[PDB]
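Here the Cβ positions follow ideal geometry from the backbone for every residue, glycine too, while neighbour counts run over all protein chains shown. Each answer follows from the model by the rule given with it, or from the source it names; no laboratory instrument gave them.
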Amino acid sequence: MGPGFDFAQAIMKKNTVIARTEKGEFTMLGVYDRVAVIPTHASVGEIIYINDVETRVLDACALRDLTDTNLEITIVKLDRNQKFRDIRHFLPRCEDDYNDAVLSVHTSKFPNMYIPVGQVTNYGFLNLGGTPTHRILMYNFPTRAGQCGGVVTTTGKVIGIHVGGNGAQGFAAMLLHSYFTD
């Protein structure tokens, strides 16, 4: 409907796949080459379904900060026959607050879904499902089951992936450029 939804759609149309684990279907953001991200609670194993294709996982790493605190991001390298468009130049370098963000989801349950979530706070610490978690972004939208892995964007930046909610607020894990230096 506007330039925010334009940037979000450009990311969804080229840089997302539907990932299925034993814990459900997730939006999955491809970042570069065969490297993607997913919430750590997806519990990625040796095999994952990518757009309903059985795919070997070549590597999977649950990120933690240097205080050894959960970040809720898992970086996956996929045994896929095709590379993602490289979007690392759209990743923030530092922790920040944002205006006018969109949360975008693409699953069997929620195809072509875009939510204007508004202002995004650098919230920091969250007890997420009982797990102390750092680098959390917060937005005042009542997000629901099915939106985990959703991509959070502003115009020109891919800033996070949706990892939870409390019924009134939604929470995303930061994406930082430094996670994807090769």
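So the values come out like this:
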item: Subset of segment 160-182 [under 21 Å from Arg34 (Cα atoms), of a type in the set (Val, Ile, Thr) and touching a helix residue (DSSP H, G or I) at 6+ places or on another chain (Cβ under 9 Å)]; result: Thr181
item: Output for segment 110-121, where each listed residue is out of contact with any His (no Cβ under 8 Å at 6 or more places or on another chain) and either part of a strand (DSSP E or B) or surrounded by 12 or more Cβ atoms within 10 Å (Cβ to Cβ) (or both); result: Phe110, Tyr114, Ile115, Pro116, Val117, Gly118, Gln119, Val120, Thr121
item: Matching residues, segment 115-127, being of a type in the set (A, V, I, L, M, F, W, C), touching a residue at least 12 places away in the same chain (Cβ under 8 Å) and farther than 26 Å from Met12 by Cα; result: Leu126
item: Filtered residues of segment 57-88 (kept if in a loop (DSSP other than H, G, I, E, B) and either assigned by CATH to the domain that holds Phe125 or more than 14 Å from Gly45 (Cβ to Cβ) (or both)); result: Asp65, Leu66, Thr67, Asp68, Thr69, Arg80, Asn81, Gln82, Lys83, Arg85, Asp86, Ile87
item: Filter result (part of a loop (DSSP other than H, G, I, E, B) and hydroxyl-bearing (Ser, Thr, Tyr)) within segment 137-170; result: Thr143, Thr155
item: Checking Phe5 against (1) closer than 22 Å to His134 by Cβ; (2) among the aromatic types (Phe, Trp, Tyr); (3) assigned by CATH to the domain that holds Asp100, the condition it does not meet; result: (1)
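For every residue, the table says whether it meets (1) charged (D, E, K, R); (2) more than 26 Å from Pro132 (Cα to Cα); (3) surrounded by 19 or more Cβ atoms within 10 Å (Cβ to Cβ).
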position: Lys23; (1), (2), (3): yes, no, no
position: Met28; (1), (2), (3): no, no, yes
position: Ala36; (1), (2), (3): no, no, yes
position: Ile47; (1), (2), (3): no, yes, no
position: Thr67; (1), (2), (3): no, no, no
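For (1) among the aliphatic types (A, V, I, L, M); (2) assigned by CATH to the domain that holds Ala36; (3) under 12 Å from the mean Cα position of the chain (by Cα), each residue gets a yes or a no:
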| position | (1), (2), (3) |
| --- | --- |
| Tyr98 | no, no, no |
| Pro116 | no, no, no |
| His134 | no, no, no |
| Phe141 | no, no, no |
| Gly160 | no, no, yes |
| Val163 | yes, no, yes |
